[PDB]
């Protein structure tokens, strides 16, 4: 029906269920809903019914037409700053569960290192965005940003690669019945991150970058 990006950016709370399990409306945002419902054996399109259910909600803030400077400032305060505060704690929660519940079978061994790699990668990527690309866009130089953007999108793909590993390491970030408090809450912080981290890349890859390259 509609592109994955515009579907999550028009509907106030589609992004949530529109993520469900294995829905990539971020880096592959311009992909059509038919494709996301093609390779992934989804219902023919009752999704649209799900979309129509919450399509009645009023309009909040359609970033599609918002100024690029507001989009940037929004990402810096809502997503960039958030990740820098979430991942350090997850690294500490991972190394505790990997140590405390090591005797368990379903322990997500290696979770602490994959989280650390994602933390290393992201921090490097955001710093580049905030010091190289975002300032370039605010000055109105978006048309010449093919190089810098094309470089950041490659780093977006490396980030997703790490999310899938973290997903697989945690059995689709789903804890077992033996999960104590420091094991369940952690998986919640992981789900919180993927949400904030999918919407983060969705806004950068489907709105900021194309409009900037479009000279808007």
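Numbering follows the first chain given and starts at 1.
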Residue stretch of maximal mean CA temperature factor, 136-144 vs 72-80: 136-144
Mean temperature factor over C-alpha atoms, higher-scoring stretch between 170-178 and 32-40: 32-40
C-alpha B-factor winner, where the candidates are 51, 66, 162, 185: 51
Chain-relative CA temperature factor third for residue 110: highest
CA B-factor placement of residue 191, once the chain's modelled residues are sorted into thirds: lowest
Third of the chain, ranked by Cα B-factor, where residue 120 sits: lowest
Chain third (lowest, middle, highest) by recorded CA B-factor, residue given as residue 14: middle
Third of the chain, ranked by Cα B-factor, where residue 98 sits: middle
